[PDB]
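Student: Input file: upload07.txt. Contents: compact mmCIF, C-alpha atoms.
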# COMPACT_ATOMS: atom_id res chain seq x y z
CA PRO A 34 -19.47 32.77 7.99
CA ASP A 35 -16.37 31.07 6.55
CA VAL A 36 -13.48 28.86 7.48
CA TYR A 37 -9.93 29.10 6.10
CA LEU A 38 -8.09 25.84 6.64
CA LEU A 39 -4.38 25.17 6.29
CA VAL A 40 -3.97 21.63 4.95
CA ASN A 41 -0.59 19.93 5.39
CA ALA A 42 -0.32 16.57 3.65
CA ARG A 43 2.50 14.11 3.22
CA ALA A 44 3.11 10.45 2.58
CA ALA A 45 3.00 8.37 5.79
CA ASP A 59 12.82 8.53 -2.38
CA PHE A 60 10.72 7.67 -5.44
CA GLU A 61 8.58 5.64 -2.96
CA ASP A 62 7.68 8.84 -1.11
CA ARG A 63 6.97 11.23 -3.96
CA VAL A 64 3.57 12.82 -4.24
CA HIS A 65 3.25 14.11 -7.81
CA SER A 66 -0.40 15.07 -7.60
CA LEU A 67 -2.90 15.35 -4.79
CA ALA A 68 -6.67 15.79 -4.96
CA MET A 69 -8.67 16.77 -1.93
CA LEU A 70 -12.47 16.51 -2.02
CA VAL A 71 -14.63 17.58 0.92
CA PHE A 72 -18.27 16.68 1.47
CA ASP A 73 -20.98 17.46 4.00
CA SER A 74 -21.06 14.37 6.25
CA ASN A 75 -24.86 14.37 6.40
CA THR A 76 -26.13 15.71 3.08
CA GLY A 77 -23.24 14.40 0.95
CA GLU A 78 -22.94 17.74 -0.83
CA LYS A 79 -19.49 18.63 -2.20
CA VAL A 80 -18.36 21.63 -0.16
CA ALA A 81 -14.73 22.09 -1.24
CA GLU A 82 -12.07 20.59 -3.47
CA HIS A 83 -8.47 21.25 -4.30
CA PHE A 84 -5.88 19.91 -6.71
CA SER A 85 -2.09 20.11 -6.29
CA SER A 86 0.70 19.03 -8.59
CA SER A 87 4.45 19.28 -8.60
CA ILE A 88 5.97 20.15 -11.94
CA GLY A 89 8.99 18.44 -10.45
CA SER A 90 11.37 17.20 -9.55
CA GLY A 91 9.19 15.61 -6.89
CA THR A 92 7.92 16.74 -3.49
CA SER A 93 6.63 14.54 -0.66
CA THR A 94 4.51 17.23 0.98
CA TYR A 95 1.84 19.80 0.07
CA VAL A 96 0.74 22.73 2.14
CA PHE A 97 -2.16 24.90 0.94
CA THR A 98 -5.09 26.99 2.16
CA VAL A 99 -8.76 26.18 1.39
CA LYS A 100 -11.92 28.25 2.08
CA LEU A 101 -15.19 26.47 2.97
CA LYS A 102 -18.31 26.60 5.09
CA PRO A 103 -18.19 25.15 8.61
CA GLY A 104 -19.93 21.98 9.70
CA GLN A 105 -19.39 18.21 9.68
CA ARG A 106 -17.14 17.23 6.80
CA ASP A 107 -15.77 14.11 5.19
CA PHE A 108 -12.29 14.71 3.64
CA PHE A 109 -10.93 12.52 0.84
CA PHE A 110 -7.31 12.65 -0.30
CA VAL A 111 -6.13 10.85 -3.46
CA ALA A 112 -2.53 11.04 -4.71
CA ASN A 113 -0.76 9.98 -7.89
CA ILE A 114 -3.91 8.88 -9.71
CA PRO A 115 -3.71 9.47 -13.49
CA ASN A 116 -5.87 12.41 -14.56
CA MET A 117 -7.43 12.71 -11.13
CA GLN A 118 -8.10 16.38 -11.89
CA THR A 119 -10.49 15.43 -14.69
CA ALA A 120 -12.00 12.70 -12.43
CA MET A 121 -12.98 15.28 -9.84
CA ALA A 122 -15.61 16.72 -12.17
CA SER A 123 -17.44 13.37 -12.32
CA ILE A 124 -17.47 13.09 -8.50
CA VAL A 125 -20.54 15.19 -7.79
CA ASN A 126 -21.42 14.07 -4.30
CA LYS A 127 -20.23 11.89 -1.47
CA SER A 128 -21.93 8.79 -2.96
CA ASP A 129 -19.88 9.23 -6.14
CA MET A 130 -16.80 9.84 -4.05
CA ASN A 131 -17.17 6.59 -2.13
CA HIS A 132 -17.82 4.65 -5.37
CA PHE A 133 -14.62 6.16 -6.78
CA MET A 134 -12.62 5.15 -3.71
CA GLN A 135 -13.94 1.56 -3.99
CA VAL A 136 -12.99 1.01 -7.66
CA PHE A 137 -10.64 -1.92 -8.35
CA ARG A 138 -7.79 -0.36 -10.34
CA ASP A 139 -5.13 -2.31 -12.17
CA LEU A 140 -1.67 -1.52 -10.77
CA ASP A 141 0.72 -0.01 -13.29
CA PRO A 142 3.12 -2.87 -14.32
CA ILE A 143 6.18 -0.84 -13.31
CA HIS A 144 4.86 -0.46 -9.73
CA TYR A 145 5.47 -4.11 -8.87
CA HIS A 146 9.13 -3.17 -9.29
CA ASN A 147 9.48 0.47 -8.28
CA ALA A 148 8.10 3.95 -8.31
CA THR A 149 9.91 6.18 -10.78
CA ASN A 150 10.89 9.81 -10.97
CA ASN A 151 7.58 10.72 -12.70
CA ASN A 152 5.26 7.87 -11.70
CA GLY A 153 4.58 7.54 -7.99
CA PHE A 154 2.58 4.93 -6.09
CA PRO A 155 -1.14 5.64 -5.67
CA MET A 156 -1.88 6.87 -2.15
CA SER A 157 -4.97 7.90 -0.24
CA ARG A 158 -6.48 8.83 3.04
CA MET A 159 -9.97 9.65 4.22
CA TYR A 160 -11.27 11.25 7.39
CA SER A 161 -14.98 11.09 8.20
CA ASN A 162 -17.25 13.28 10.30
CA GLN A 163 -14.66 15.99 11.02
CA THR A 164 -15.84 18.98 12.93
CA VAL A 165 -14.85 22.11 11.06
CA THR A 166 -15.25 25.23 13.19
CA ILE A 167 -15.53 28.87 12.20
CA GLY A 168 -12.52 31.10 11.79
CA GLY A 169 -9.17 31.74 10.17
CA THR A 170 -8.27 34.25 7.48
CA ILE A 171 -6.81 33.76 4.00
CA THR A 172 -3.39 34.82 5.37
CA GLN A 173 -3.86 33.31 8.85
CA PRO A 174 -5.82 30.06 8.33
CA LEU A 175 -6.77 27.52 10.97
CA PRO A 176 -4.58 24.38 10.82
CA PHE A 177 -6.56 21.36 9.70
CA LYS A 178 -6.13 18.68 12.35
CA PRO A 179 -7.53 15.40 10.93
CA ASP A 180 -8.67 13.22 13.85
CA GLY A 181 -6.55 15.48 16.08
CA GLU A 182 -3.30 14.83 14.18
CA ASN A 183 -1.11 17.64 12.79
CA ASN A 184 -0.78 16.30 9.28
CA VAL A 185 -2.72 14.48 6.64
CA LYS A 186 -0.79 11.22 6.26
CA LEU A 187 -1.31 9.49 2.95
CA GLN A 188 -1.19 5.69 2.82
CA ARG A 189 0.28 3.90 -0.16
CA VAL A 190 -2.03 1.30 -1.78
CA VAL A 191 0.87 -1.19 -2.02
CA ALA A 192 3.02 -3.13 0.44
CA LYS A 193 6.83 -3.34 0.18
CA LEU A 194 8.52 -6.72 -0.05
CA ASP A 195 12.09 -6.60 1.15
CA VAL A 196 14.24 -9.74 0.74
CA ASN A 197 17.77 -9.76 2.11
CA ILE A 198 20.29 -12.55 1.54
CA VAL A 199 22.46 -12.40 4.62
CA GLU A 200 24.42 -15.49 3.59
CA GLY A 201 24.86 -17.66 0.48
CA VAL A 202 23.90 -15.10 -2.18
CA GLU A 203 26.41 -16.93 -4.44
CA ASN A 204 23.82 -19.72 -4.73
CA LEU A 205 20.96 -17.49 -5.82
CA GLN A 206 19.70 -17.40 -9.40
CA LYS A 207 16.54 -15.40 -8.89
CA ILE A 208 13.65 -14.29 -6.76
CA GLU A 209 10.05 -13.95 -7.91
CA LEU A 210 6.90 -12.60 -6.29
CA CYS A 211 3.94 -14.83 -7.14
CA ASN A 212 0.11 -14.46 -6.92
CA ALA A 213 0.24 -10.70 -6.48
CA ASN A 214 -3.12 -8.95 -6.72
CA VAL A 215 -3.76 -7.29 -10.08
CA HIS A 216 -5.77 -4.55 -8.44
CA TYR A 217 -5.38 -1.84 -5.92
CA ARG A 218 -8.14 0.04 -4.19
CA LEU A 219 -8.13 3.51 -2.67
CA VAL A 220 -9.89 2.27 0.46
CA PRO A 221 -9.20 -0.98 2.21
CA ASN A 222 -10.36 -4.25 0.66
CA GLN A 223 -13.02 -6.37 2.37
CA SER A 224 -12.83 -9.26 -0.15
CA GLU A 225 -10.19 -11.50 -1.66
CA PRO A 226 -8.65 -10.54 -5.00
CA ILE A 227 -10.54 -11.51 -8.15
CA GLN A 228 -7.54 -11.35 -10.51
CA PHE A 229 -3.79 -12.05 -10.20
CA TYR A 230 -0.63 -10.70 -11.77
CA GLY A 231 1.98 -12.95 -13.37
CA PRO A 232 5.30 -13.62 -11.69
CA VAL A 233 7.38 -10.58 -10.80
CA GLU A 234 11.17 -11.02 -10.79
CA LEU A 235 12.37 -8.84 -7.86
CA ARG A 236 14.84 -6.05 -8.45
CA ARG A 237 18.26 -6.13 -6.90
CA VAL A 238 19.26 -2.94 -5.15
CA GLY A 239 22.46 -2.27 -7.07
CA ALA A 240 25.17 -4.72 -6.04
CA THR A 241 23.87 -5.23 -2.48
CA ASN A 242 22.20 -8.41 -1.20
CA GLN A 243 18.81 -6.75 -1.03
CA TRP A 244 15.94 -7.46 -3.48
CA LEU A 245 12.73 -5.39 -3.64
CA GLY A 246 9.24 -5.56 -4.99
CA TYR A 247 5.79 -4.14 -4.29
CA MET A 248 2.26 -5.43 -4.47
CA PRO A 249 -1.25 -4.29 -3.81
CA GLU A 250 -3.09 -5.11 -0.62
CA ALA A 251 -4.48 -8.62 -0.80
CA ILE A 252 -7.08 -10.03 1.56
CA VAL A 253 -6.93 -13.76 2.28
CA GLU A 254 -9.82 -15.42 4.13
CA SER A 255 -8.67 -16.78 7.47
CA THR A 256 -10.35 -20.10 6.77
CA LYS A 257 -7.57 -20.78 4.20
CA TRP A 258 -3.89 -21.63 4.57
CA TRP A 259 -0.91 -22.69 2.46
CA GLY A 260 -1.80 -25.87 0.65
CA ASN A 261 -5.47 -25.39 1.59
CA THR A 262 -6.83 -22.49 -0.45
CA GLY A 263 -9.01 -24.51 -2.82
CA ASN A 264 -6.63 -23.54 -5.63
CA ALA A 265 -3.67 -25.51 -7.02
CA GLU A 266 -1.54 -22.36 -7.19
CA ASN A 267 -2.40 -21.40 -3.60
CA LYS A 268 -4.18 -18.25 -4.77
CA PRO A 269 -4.74 -15.74 -3.29
CA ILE A 270 -1.77 -16.28 -0.97
CA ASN A 271 1.21 -14.14 -1.98
CA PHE A 272 4.57 -15.88 -1.90
CA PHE A 273 8.06 -15.42 -3.18
CA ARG A 274 9.97 -18.13 -4.96
CA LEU A 275 13.73 -18.48 -4.55
CA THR A 276 15.54 -20.38 -7.23
CA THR A 277 19.12 -21.46 -6.69
CA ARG A 278 21.79 -21.92 -9.35
CA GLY A 279 21.47 -25.66 -8.68
CA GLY A 280 17.86 -25.34 -9.85
CA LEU A 281 16.38 -25.90 -6.41
CA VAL A 282 13.25 -23.86 -5.73
CA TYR A 283 11.89 -22.61 -2.40
CA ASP A 284 8.47 -21.08 -1.91
CA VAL A 285 8.07 -18.68 0.98
CA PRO A 286 4.48 -17.69 1.75
CA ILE A 287 4.07 -14.08 2.86
CA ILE A 288 2.13 -13.50 6.10
CA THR A 289 1.13 -10.72 8.45
CA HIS A 290 2.19 -11.67 11.96
CA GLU A 291 3.09 -9.46 14.91
CA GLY A 292 5.20 -10.78 17.74
CA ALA A 293 6.77 -14.18 18.22
CA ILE A 294 6.16 -16.91 15.68
CA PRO A 295 4.48 -20.06 17.02
CA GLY A 296 7.24 -22.67 17.16
CA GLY A 297 9.93 -20.06 16.51
CA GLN A 298 10.43 -21.05 12.87
CA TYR A 299 8.86 -18.93 10.16
CA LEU A 300 8.61 -21.52 7.42
CA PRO A 301 6.55 -24.26 9.12
CA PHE A 302 4.14 -21.64 10.48
CA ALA A 303 3.88 -19.83 7.17
CA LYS A 304 3.42 -23.09 5.31
CA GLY A 305 0.37 -23.97 7.45
CA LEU A 306 1.99 -27.02 9.08
CA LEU A 307 1.11 -26.01 12.67
CA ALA A 308 -2.18 -25.98 14.60
CA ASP A 309 -2.08 -22.18 14.61
CA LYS A 310 -2.47 -20.76 11.08
CA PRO A 311 -1.14 -17.40 9.94
CA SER A 312 -2.97 -14.51 8.47
CA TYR A 313 -1.93 -14.32 4.81
CA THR A 314 -3.44 -10.94 4.18
CA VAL A 315 -0.97 -8.46 2.74
CA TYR A 316 -1.84 -4.99 4.12
CA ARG A 317 -1.28 -1.67 2.33
CA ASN A 318 1.61 0.55 3.36
CA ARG A 319 3.34 -2.14 5.41
CA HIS A 320 6.91 -3.35 4.98
CA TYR A 321 7.56 -7.12 4.80
CA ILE A 322 11.21 -7.84 5.56
CA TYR A 323 12.91 -11.20 5.04
CA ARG A 324 16.42 -12.17 6.05
CA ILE A 325 17.44 -15.33 4.22
CA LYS A 326 20.40 -17.73 4.49
CA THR A 327 20.96 -19.89 1.41
CA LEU A 328 22.69 -23.10 2.39
CA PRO A 329 23.57 -26.02 0.09
CA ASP A 330 20.43 -28.07 0.74
CA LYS A 331 18.08 -25.62 2.51
CA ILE A 332 17.16 -22.06 3.38
CA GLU A 333 16.61 -20.33 6.68
CA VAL A 334 14.17 -17.46 6.88
CA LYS A 335 13.76 -14.74 9.49
CA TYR A 336 10.88 -12.28 9.23
CA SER A 337 9.54 -9.00 10.47
CA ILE A 338 6.71 -6.67 9.50
CA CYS A 339 6.82 -2.95 10.19
CA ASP A 340 5.41 0.37 9.11
CA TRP A 341 6.72 1.83 5.88
What do you get writing this file as structure tokens?
Tutor:
Amino acid sequence: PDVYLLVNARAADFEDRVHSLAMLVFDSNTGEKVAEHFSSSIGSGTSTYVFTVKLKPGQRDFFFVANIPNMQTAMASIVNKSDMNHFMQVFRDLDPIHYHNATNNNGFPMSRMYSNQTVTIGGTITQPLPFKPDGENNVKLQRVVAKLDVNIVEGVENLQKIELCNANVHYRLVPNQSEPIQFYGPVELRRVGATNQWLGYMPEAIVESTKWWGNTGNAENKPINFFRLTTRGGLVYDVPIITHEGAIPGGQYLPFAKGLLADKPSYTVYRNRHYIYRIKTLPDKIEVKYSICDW
């Protein structure tokens, strides 16, 4: 007795485009592949896919992978759930252009997985049952990168350039449990037109919480991500990137971020989060305000 499922998927506008989407479904217990589907947009670029799939009922693990080169071919070498999990765990080198931007034809890798979903009997090919992953209405894809958003609220006349340093070389389609093994060279951020906003992107990067700025065991402070501001005077400022919700201990971002206080930050950069800096460039110093939010 079958199930017809209506799958609605979307990213959680080059940053939002989903050019291809693979769905692979496995029996949660046996690991058998029980359904798969591939979608692509000839163009110009959609952010959502809606489609119907037929499968047998039971307990199912759903895997969604977007914007992976030749994912359709890859699906044939994913025979069972064990293969599928290995595939999700691969360290993949981020396309060089993606530290700067997604493009019209090359979107950010995205994924999502939902385990042990109860798929019940029913639906028809014309009237399918809506797929409700973990009770939600939509499949919500997570980008594998974070967005770095640097805004010069004052003193942009003094700015020569901004670079993202120690970015992870690799992304992973499921969250990282270990620090990066390899690091990308410096990325000069891209100015949004003639505004005072600079952008870049980088893969998720785990940093052990036993480390802090100036105490990583590494002269370059790897694996801590930071951005470097260079002024026309040739002054340089390094701003470590952290993940911190709520009020900053001591009220000043830089001393906290630089590991100068008893409380140390988390330096992990998480996928699909938005790191926003508001910077004032004064003659002899900078001031930095910070927030982290969803993308």
Student: Which of these residues is nearest to residue 243 of chain A, using all atoms listed in the file: A:283, A:95, A:313, A:323?
Tutor: A:323
Student: Between atom CA of residue 106 of chain A and atom CA of residue 81 of chain A, what distance in Å does the model show, to one decimal?
Tutor: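 Calculated distance between atom CA of residue 106 of chain A and atom CA of residue 81 of chain A is 9.7 Å.
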Student: With distances taken over only C-alpha atoms, which of A:239, A:249, A:231, A:91 is nearest to residue 189 of chain A?
Tutor: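 Using only C-alpha atoms, the shortest distance to residue 189 of chain A belongs to A:249.
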Student: Which of these, A:155, A:232, A:77, A:174, has the shortest distance to residue 99 of chain A once you count only C-alpha atoms?
Tutor: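 Ranking A:155, A:232, A:77, A:174 by distance to residue 99 of chain A, first place goes to A:174.
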Student: Measuring between only C-alpha atoms, which one of A:198, A:44, A:167, A:334 shows the shortest distance to residue 245 of chain A?
Tutor: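 Closest candidate: A:198.
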Student: Just the number, please: distance in Å from atom CA of residue 128 of chain A to atom CA of residue 94 of chain A, one decimal.
Tutor: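 About the pair atom CA of residue 128 of chain A and atom CA of residue 94 of chain A: they are 28.0 Å apart.
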Student: May I have the residues at most 12 Å from (-1.3, 19.0, 4.7) in the file's coordinates, counting all atoms listed in the file, as an MDAnalysis selection string?
Tutor: chainID A and resid 38:45 64 67:69 83 85 93:99 108 110 158 175:179 182:187
Student: When you draw a straight line from atom CA of residue 131 of chain A to atom CA of residue 225 of chain A, how long is it in Å?
Tutor: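 These atoms are spaced 19.4 Å apart.
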Student: Which one is closest to residue 133 of chain A: A:265, A:338, A:307, A:114? Count all atoms listed in the file.
Tutor: A:114
Student: Compile the contact shell of residue 330 of chain A as a PyMOL selection string: residues with an atom at most 12 Å away, counting all atoms listed in the file, same-chain residues fewer than 6 positions apart removed.
Tutor: chain A and resi 201+204+277-283
Student: Can those selected residues be exported to a file as an mmCIF file, in the coordinates of the input so that it contains C-alpha atoms?
Tutor:
data_model
loop_
_atom_site.group_PDB
_atom_site.id
_atom_site.type_symbol
_atom_site.label_atom_id
_atom_site.label_comp_id
_atom_site.auth_asym_id
_atom_site.auth_seq_id
_atom_site.Cartn_x
_atom_site.Cartn_y
_atom_site.Cartn_z
ATOM 1 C CA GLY A 201 24.860 -17.660 0.480
ATOM 2 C CA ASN A 204 23.820 -19.720 -4.730
ATOM 3 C CA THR A 277 19.120 -21.460 -6.690
ATOM 4 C CA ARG A 278 21.790 -21.920 -9.350
ATOM 5 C CA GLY A 279 21.470 -25.660 -8.680
ATOM 6 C CA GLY A 280 17.860 -25.340 -9.850
ATOM 7 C CA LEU A 281 16.380 -25.900 -6.410
ATOM 8 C CA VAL A 282 13.250 -23.860 -5.730
ATOM 9 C CA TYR A 283 11.890 -22.610 -2.400
#
Student: Write out as a list in words the residues lying within 12 Å of segment 236-238 of chain A, counting only C-alpha atoms and excluding same-chain residues fewer than 4 positions away.
Tutor: residues 143, 144, 145, 146, 147, 194, 195, 196, 197, 198, 202, 205, 206, 207, 208, 209, 210, 242, 243, 244, 245, 246 and 247 of chain A
Student: Would you list the contacts of residue 254 of chain A as a list in words, taking every protein, DNA or RNA residue within 12 Å and counting only C-alpha atoms, but skipping same-chain residues closer than 4 positions in sequence?
Tutor: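 Surrounding residues, per the criterion: residues 222, 223, 224, 225, 226, 258, 259, 261, 262, 263, 268, 269, 270, 310, 311, 312, 313, 314 and 315 of chain A.
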Student: Measuring between all atoms listed in the file, which one of A:212, A:229, A:82, A:218 shows the shortest distance to residue 287 of chain A?
Tutor: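 Among A:212, A:229, A:82, A:218, it is A:212 that comes nearest to residue 287 of chain A.
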Student: Taking 2 positions as the minimum chain separation for residues in the same chain, which residues sit within 8 Å of residue 284 of chain A when counting all atoms listed in the file? Answer as a ChimeraX atom specification.
Tutor: /A:272-275,282,286
Student: With only C-alpha atoms as the counted atoms, please give the residues lying no more than 7 Å from residue 109 of chain A, apart from itself and same-chain residues fewer than 2 positions off, as number ranges by chain.
Tutor: A: 69-71, 107, 111, 158-160
Student: Determine, counting only C-alpha atoms, every residue of protein, DNA or RNA that lies within 6 Å of (0.8, -0.2, -4.9) in the file coordinates, then give the result as a list in words.
Tutor: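 Protein, DNA and RNA residues close to (0.8, -0.2, -4.9): residues 154, 190, 191, 248 and 249 of chain A.
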